[PDB]
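Fold and geometry: a report
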Amino acid sequence: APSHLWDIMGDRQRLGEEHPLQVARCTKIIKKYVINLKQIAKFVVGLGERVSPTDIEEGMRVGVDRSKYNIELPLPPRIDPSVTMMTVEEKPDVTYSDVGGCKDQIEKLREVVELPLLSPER
Amino acid sequence: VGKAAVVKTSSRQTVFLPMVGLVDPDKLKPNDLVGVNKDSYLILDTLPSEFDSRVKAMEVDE
C-alpha cells in the first residue's frame with residue numbers, strides 16, 4: 001500500500017541523472033577543489049548549482065556526479081565507521097531511584113553531571 | 001631528441017604527451033602532480049604550489 005504513493009515520484013527521483021552520485025572527500029580547497037575518490041583517484045572541480053561556497057569545508061565528505069564530476073550535495077564526515085552507531089543506547093530501564101540508599105555518593109554524581117546539563121547558568 | 005613529458009595518472013595509466021606551451025621544462029620536475037585532459041590526455045594545468053595533500057590529520061591554527 002505505501003509503495004503505490006512513492007511510485008508517482010518514480011518518474012523523477014529514480015530516472016534522474018542527478019541521484020547517481022559518487023561520494024568522495026575534498027583534500028584541498030582553493031578560493032578549484034581537489035577531491036579524492038575511493039578508487040584512489042583525484043580531480044579538481046568548482047561549486048555546483050545550489051552549492052553554497054561556505055558549505056564546503058576542509059576534510060569533509062562531498063558527493064559528486066558519476067559521469068561528469070561536479071559538487072552537488074555535502075555529506076557529514078567520518079562515514080567509514082559502522083561500530084559506534086550501535087554504541088548509543090536509548091531509554092535505559094534503570095531509573096534514578098533504583099539505587100538503594102541515601103548515601104551521599106549519589107549527590108556527588110548529579111552535581112557534576114546532571115546539574116550543569118539541567119542548570120548551566122547556576 | 002625534443003622536449004616532452006611522461007605523466008602517470010592516479011588510475012595507474014602511463015601516458016606520453018609532448019611538451020605543452022602552458023608549462024615550462026624548467027618549472028617541471030619529476031614526481032609532480034598536475035592535471036590532464038580526460039579525453040586527449042594533455043596537461044592543461046600547472047602545480048598549485050602543493051604536492052599530494054595533508055592526508056588525514058592536519059592542524060592549522062591562527
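Per the conventions used, each chain is numbered from 1 along its written sequence, independently of whether this matches the entry, and residues without coordinates are not displayed. Here every chain gets a letter starting at A, and every ligand a number starting at 1, in the order they are written. Any value quoted here refers to the chains shown, not to the larger assembly they are part of. Water and hydrogen atoms were dropped before computing side-chain values, which therefore reflect all heavy atoms in the structure.

Chain B is annotated in the PDB entry as 26S protease regulatory subunit 6A of Saccharomyces cerevisiae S288c. In the PDB, the title recorded for this entry is "Yeast proteasome in Ub-accepted state (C1-b)".

The name recorded for chain A in the PDB entry is 26S protease regulatory subunit 7 homolog, from Saccharomyces cerevisiae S288c.

A side-chain nitrogen of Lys or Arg and a carboxyl oxygen of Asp or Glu constitute a salt bridge if their distance falls within 4 Å. A full pass over the atoms with the stated rule returns six salt bridges over all chains. Taking the shortest distance from any N to any O, the salt bridge between B:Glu50 and A:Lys28 comes out at 3.5 Å. You can see B:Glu50 sitting in the segment after β2 (13-18) and its partner A:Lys28 sitting in strand β1 (residues 21-29), one on each of two chains. Remark: exposure states derive from per-residue accessible area (1.4 Å probe, protein chains only) relative to the maximum for the residue type, with buried under 20%, exposed over 50%, and partly exposed in between. Residue class for B:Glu50 comes out partly exposed when judged on its relative accessible area of 31%. Two residues, A:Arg61 and A:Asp80, come together in a salt bridge whose shortest N-O distance is 3.8 Å. On the criterion of sequence distance, the pair formed by A:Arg61 in strand β4 (residues 61-65) and A:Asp80 in the loop between β5 (71-74) and α2 (105-118) is long-range, its members being 19 residues apart. For the purposes of this entry, the term helix denotes a DSSP run of H or I that reaches at least four residues, the term strand denotes a run of E that reaches at least two, and both are numbered from the N terminus.

The next thing to look at is the pairing of strand β1 (residues 4-9) of chain B. All names here are of chain B. Across the two faces of β1 the burial differs, with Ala5, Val7 and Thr9 buried and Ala4, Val6 and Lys8 not buried at all. Two strands make a pair as long as DSSP finds a minimum of two bridges between them. Strand direction decides the pairing type here: β1 and β2, joined by six bridges, are antiparallel. Bridge assignment links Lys8 to a residue of β2, and that residue is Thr14. Here β1 hands over to β2 after three residues, with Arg12 in that stretch at a positive phi of 60°.

Spanning 14 residues, α2(A) covers 19 Å between terminal C-alpha atoms, matching the ideal 20 Å at 1.5 Å per step. A residue's bend is simply the angle between two axes: one fitted to the seven residues ending at it, one to the seven starting at it. Taken as a whole, α2(A) carries its principal kink of about 40° at A:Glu111. Multiply 1.5 Å by the residue count of a helix minus one, and that product is the helix's expected span.

This next bit is on the interface of chain A and chain B. Contact criterion: two residues are considered in contact whenever any of their non-hydrogen atoms come within 4.5 Å of each other. In this assembly, eleven residues from chain A lie in contact with nine residues from chain B. Two parts placed together each lose some accessible area; with a 1.4 Å probe, that loss summed over both constitutes the buried area. Approximately 760 Å² of surface area, both sides summed, lies buried where chain A meets chain B, with 34% of it carried by carbon and sulfur atoms. Of all residues in chain A, A:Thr27, A:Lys28 and A:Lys42 bury the most surface against chain B, accounting for 52% of the area lost on that side. Scanning the region where chain A abuts chain B turns up two salt bridges.

By relative accessible area, A:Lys28 is classed as buried at 13%. Here the side chain of A:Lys28 touches B:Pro48 through a polar contact of 2.6 Å, landing on its backbone oxygen. Not counting chain neighbours up to four residues away, the residues in contact with A:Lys28 comprise A:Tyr33, A:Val34, B:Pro48, B:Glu50 and B:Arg54. Any N or O atom pair separated by 3.5 Å or less is treated as a polar contact, with the protein-specific requirement of one donor-capable and one acceptor-capable atom, and with residues adjacent in sequence counted only for side-chain atom pairs.

Next up on the list: the environment of A:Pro81. Residues and elements named next belong to chain A. Within the secondary structure, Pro81 sits in the loop between β5 and α2. For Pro81, a relative accessible area of 35% corresponds to the partly exposed category. Separated by 29 residues in the primary sequence, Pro81 and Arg110 have C-alpha atoms spaced 32 Å apart.

Attention now goes to the nonpolar core. Buried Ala, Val, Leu, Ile, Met, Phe, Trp, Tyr and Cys residues that are joined via side-chain atoms within 4.5 Å together make up what is termed a nonpolar core. Judged by nonpolar contacts, the single largest core of 14 residues is most densely connected at A:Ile35, A:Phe43, A:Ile56 and A:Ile71. At the level of secondary structure, the elements contributing two or more residues to this core comprise β1, β2 (33-36), β3 (42-45) and β4 of chain A. When near neighbours in sequence (up to four residues on either side) are disregarded, A:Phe43 contacts A:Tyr33, A:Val34, A:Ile35, A:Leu37, A:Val64 and A:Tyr69. Counting residues in hydrophobic clusters, the runner-up holds seven residues, among them B:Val15, B:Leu17, B:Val20 and B:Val23.

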